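K.L.:
3D, please:
(5 chains)
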Amino acid sequence: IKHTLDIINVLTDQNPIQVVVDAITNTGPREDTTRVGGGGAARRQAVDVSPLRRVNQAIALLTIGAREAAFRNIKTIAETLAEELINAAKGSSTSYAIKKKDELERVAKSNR
Amino acid sequence: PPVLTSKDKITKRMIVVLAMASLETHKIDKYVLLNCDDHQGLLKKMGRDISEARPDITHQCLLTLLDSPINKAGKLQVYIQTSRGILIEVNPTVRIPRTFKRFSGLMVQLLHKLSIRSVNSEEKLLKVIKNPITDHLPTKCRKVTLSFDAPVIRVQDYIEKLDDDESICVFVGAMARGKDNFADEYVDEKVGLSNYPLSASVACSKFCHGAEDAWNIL
Amino acid sequence: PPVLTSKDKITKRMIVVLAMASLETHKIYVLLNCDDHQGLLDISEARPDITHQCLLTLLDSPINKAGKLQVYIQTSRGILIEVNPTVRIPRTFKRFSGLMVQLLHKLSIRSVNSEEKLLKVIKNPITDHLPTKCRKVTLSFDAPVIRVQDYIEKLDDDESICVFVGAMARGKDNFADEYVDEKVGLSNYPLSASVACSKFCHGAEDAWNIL
Amino acid sequence: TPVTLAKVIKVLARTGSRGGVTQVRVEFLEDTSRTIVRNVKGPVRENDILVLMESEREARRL
RNA sequence: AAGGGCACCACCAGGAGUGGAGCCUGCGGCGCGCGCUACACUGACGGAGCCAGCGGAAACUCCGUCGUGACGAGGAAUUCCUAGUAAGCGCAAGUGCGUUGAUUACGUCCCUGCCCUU
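P.N.:
Numbering: from 1, shown residues only, chains lettered A, B, ... in the order given. And now the structure:
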């Protein structure tokens, strides 16, 4: 974590802790889909999600992002976490969590 | 020309999933694929699997896809999805066996060992993998089901609308008949390709052609 | 959709002729083919699967369903077969062979009811059966690549289009040279016979607003 | 997007639902007038932000 | 039929797996279970730092050197689970001990069960 923060600040001044907060801020989903009955060939129903889950899941996403994000490569978690936190603390489709959120959500507008 | 696999989650590409594929081994003391020619006698005796035994369709489709330019150009990967729920990834450089007899042998072996390995290389050519297909798919991927009863589309047009960083995944029912809902739970919509019913292979050429046109492949 | 035959010499159709087709019966009769008669033997002259593959690929096409397609087969031993657009060719090679063997012995496959002939051995050459306005082309890896859609649009409103494709695994593109106007390629990559067929069907379906 | 934030008033005490999803009466926080019945996914007690996009939806037992 | 309840052999939301390899070991029969060893850079090797409990330990930390050069991370299935716990780690004793130390649940009766009362 210490390292990441430094890497983030080298790559934008800013409070990297502000950067962290943002990534968590613009990551949480708005409408997540539940597995309604359907009648056999199940159809998902467009629920809204709790702020604690929003935070919970965000953190989840970004870390699974960094960890699994930069696997067999030439990078360090500190780095790939800075990458995942920077990309998400701005929004530019370069981030595995932003891509995922936008897809969970696209799915929700479908179940409406 | 980098080989495309599920591990890569970013590249824009076309994915075909041959859903509802009829692959099943058969004991006799040797193994073969359950198929309507050899086993129409047996199948009927049991009173089921009536056309649940059409592995040839899968075979046809595979040749059709891999033989395609879009494959040669490396912008296509295929997956299988068995009636019995088995999911296969197909390495795009695999020179699938030309005849059904030789195809059968290899699918029987793939099913028993869960992978087919190159004699010199350590990458697999075919690999049984875990459901759901939606884990292995690219992150930004449009998903559709081919269906006769769905709104007809011109594929070239259908494709030019895709975000420059967005893939396309098509589910084809690799079968003789059936409801086209083998994938309702994953897809964004269903589309038709012709006002005529097609065969799986033809649907597949049609779609490859279309991508090939739109993505500038000769 | 009124059925296209060699008699109709006016209508503007697309014709594909599967050349160097491997259809040689083997006395035991069944079709001579790699799988079974690998051992017995050169494997290249024995690839009937390729033909069977293409027939499905061709008859299943939207363009045949719209009845603007016509298939002919011309084997590697010069036998000539007209395929009836409405024939529902057997889906499995085995069943295919039964039928293909019978047809070679009897010279035609008749519908169990209609007077029509689902398949027929006709006399050479193939030129005496094509439409009178008809462009003759050969497919070839060794030729200038083209967009099938563009090519089709340059045809006279009356001019039909007949492509010669090799139902073989390997070899010279010479098989139709005595008949062709021009040899052309559909791809930068070398294609299987059936794939070459899709390409053309599809490009021409596009050109002809099918459907 | 015309996103509208809301505050919970009453989580329901007796319900009927599928597990996981719970129905909440929300006060609308732009006006105090509007009140809606909505459906939340995560565990939720009173007095918090809700993000809204679709503005009526009047959902029922799910 | 009705109303309450309880339960991850239930559901709502995860972890850790098991079902893959060889071998060890028990059980069956004449396939099944517990395990051990495995398929690097969040690493390996070299210095160096240096901390337990039950009866100067290892992981770990720092500074350096190395630089990506049967089994390629496990099918359909399926088990157990709510804090110093899980997992990781080693230690004494013939099962215990401490060190490092979490994600998720604490909810419900929609489903499958059982219980109560009507």
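K.L.:
residue at max distance from the center of chain A?
P.N.:
Residue distances from the centre of chain A (CA atoms, centre = their mean) peak at residue A:39, which lies 32.5 Å from the mean C-alpha position.
K.L.:
test my guess that residue B:151 contacts residue B:158.
P.N.:
No. At 10.4 Å, residue B:151 and residue B:158 do not qualify as touching, with contact defined as CB atoms under 8 Å. For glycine as for every other residue, the C-beta is placed from the backbone atoms N, C-alpha and C.
K.L.:
overlap of the contact sets of these two?
P.N.:
Listed contacts common to residue B:151 and residue B:158 are residue B:191; contacts here mean CB atoms under 8 Å, 6 or more residues apart in numbering or on different chains.
K.L.:
who's in contact with residue B:81?
P.N.:
Contacts of residue B:81 by CB under 8 Å, 6+ apart are B:17-21, B:87-88, B:133, B:171, B:182.
K.L.:
quick check: phi and psi at the residue nearest to the spatial centre of chain A.
P.N.:
Nearest residue to the geometric centre of chain A (CA atoms, centre = their mean): residue A:97, 3.0 Å. Per-residue torsions, residue A:97: phi -90, psi -40 (degrees, to the nearest 10).
K.L.:
just give me the neighbour total for the closest residue to it other than its chain neighbours.
P.N.:
Nearest non-adjacent residue to residue A:97, counting by CB to CB, 6 or more residues apart in numbering or on different chains: residue A:61, 3.9 Å away. Applying other CB atoms under 10 Å in any protein chain shown, we find 24 residues neighbouring residue A:61.
K.L.:
and if you look at residue A:55?
P.N.:
Close neighbours of residue A:55, defined as other CB under 10 Å, add up to 15.
K.L.:
before we move on, the earlier item: quick one: which of residue B:151 and residue B:158 has more around it?
P.N.:
Using other CB under 10 Å, the more surrounded residue of residue B:151 and residue B:158 is residue B:158, with 18 against 9.
K.L.:
residues of the strand or helix carrying the more buried one that come out buried?
P.N.:
For residue B:158, the host element (DSSP states H and E) is helix B:155-160. Within helix B:155-160, the residues scored as buried using 16 or more other CB atoms under 10 Å in any protein chain shown are B:155, B:158-159.
K.L.:
quick one: the strands in chain D?
P.N.:
For chain D, applying DSSP state E gives strands covering D:4-11, D:22-27, D:35-40, D:50-52.
K.L.:
right, so of those, which gets closest to residue B:32?
P.N.:
Among the strands of chain D, strand D:35-40 comes nearest to residue B:32, with 52.3 Å by CB to CB.
K.L.:
before we move on, back to that, need the contacts of residue B:81 in JSON lines with secondary structure, can you?
P.N.:
Converted to JSON lines, those look like this (DSSP: H, G, I helix; E, B strand; the rest coil):
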{"residue": "B:17", "secondary structure": "strand"}
{"residue": "B:18", "secondary structure": "strand"}
{"residue": "B:19", "secondary structure": "strand"}
{"residue": "B:20", "secondary structure": "strand"}
{"residue": "B:21", "secondary structure": "strand"}
{"residue": "B:87", "secondary structure": "strand"}
{"residue": "B:88", "secondary structure": "strand"}
{"residue": "B:133", "secondary structure": "helix"}
{"residue": "B:171", "secondary structure": "strand"}
{"residue": "B:182", "secondary structure": "coil"}
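K.L.:
distance to residue D:27 and neighbour count for those - can I get that in CSV?
P.N.:
Below are these laid out as CSV (distance: CB to CB, whole Å; neighbours: other CB atoms under 10 Å in any protein chain shown):
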residue, distance to residue D:27, neighbour count
B:17, 47, 26
B:18, 52, 27
B:19, 47, 27
B:20, 49, 24
B:21, 53, 30
B:87, 48, 19
B:88, 53, 24
B:133, 43, 22
B:171, 44, 26
B:182, 45, 22
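K.L.:
what's the closest of the residues you listed to chain D?
P.N.:
Nearest to chain D out of these is residue B:133 (CB to the nearest CB; 24.5 Å).
K.L.:
isn't residue B:124 right up against residue B:93?
P.N.:
No. Under the criterion of CB under 8 Å, residue B:124 is not in contact with residue B:93, lying 11.1 Å apart.
K.L.:
settle it for me: which of the two has more neighbours?
P.N.:
A count of neighbours by other CB under 10 Å puts residue B:124 above the other of residue B:124 and residue B:93, at 19 against 16.
K.L.:
which strand residues bridge the more buried one?
P.N.:
Residue B:124 forms beta bridges with residue B:117, as assigned by DSSP bridges.
K.L.:
what parts of chain A come near chain D?
P.N.:
For chain A, the contact set with chain D under CB under 8 Å from any CB of the partner chain comprises A:30-32, A:34, A:36-37, A:45-54, A:56, A:112.
K.L.:
count of neighbours near residue 112?
P.N.:
Went with chain A since none was named. By other CB under 10 Å, the residues close to residue A:112 number 10.
K.L.:
look at chain B instead
P.N.:
With neighbours defined by other CB under 10 Å, the count for residue B:112 comes to 9.
K.L.:
OK, contacts around the residue in chain D that RNA strand E sits nearest to?
P.N.:
When distances are taken as CB to the nearest atom of the strand, chain D reaches nearest to RNA strand E at residue D:20, 2.4 Å away. By CB under 8 Å, 6+ apart, residue D:20 lies in contact with A:34, A:47, D:41.
K.L.:
tell me the phi and psi of it?
P.N.:
Recorded main-chain torsions at residue D:20 are phi 90, psi -40, according to degrees, to the nearest 10.
K.L.:
for the contacts of residue D:20, which one is nearest chain B?
P.N.:
Chain B lies nearest to residue A:34 out of those, by CB to the nearest CB, at 13.5 Å.
K.L.:
wait, that closest one touches residue D:18, no?
P.N.:
Yes. Counting by CB under 8 Å, residue D:18 is a contact partner of residue A:34 at 7.1 Å.
K.L.:
so these two - more neighbours on which side?
P.N.:
Neighbour comparison, residue A:34 and residue D:18: the larger count goes to residue A:34, with 17 against 14 (by other CB under 10 Å).
K.L.:
find the nearest non-adjacent residue to the residue in chain D that chain B sits nearest to, please.
P.N.:
Of all residues in chain D, the one sitting closest to chain B is residue D:18 (17.1 Å; CB to the nearest CB). Of all residues not flanking residue D:18 in the chain, residue D:62 sits nearest, at 6.0 Å (CB to CB, 6+ apart).
K.L.:
count the neighbours of the one you found for me.
P.N.:
Residue D:62 has 14 nearby residues by other CB under 10 Å.
K.L.:
wait, what's in contact with it?
P.N.:
So residue D:62 contacts A:34, A:36, A:45, D:17-18, D:21, D:39 (CB under 8 Å, 6+ apart).
K.L.:
and if we set it to 7 Å?
P.N.:
Listed by CB atoms under 7 Å, 6 or more residues apart in numbering or on different chains, the contact set of residue D:62 reads A:36, A:45, D:17-18, D:21, D:39.
K.L.:
which residue, other than its chain neighbours, is closest to whichever residue of chain B sits closest to chain C?
P.N.:
Closest approach between chain B and chain C, counting by CB to the nearest CB: residue B:205, at 3.6 Å. Closest residue to residue B:205 apart from its sequence neighbours, by CB to CB, 6+ apart: residue C:198 at 3.6 Å.
K.L.:
please consider this matter closed, and thank you.
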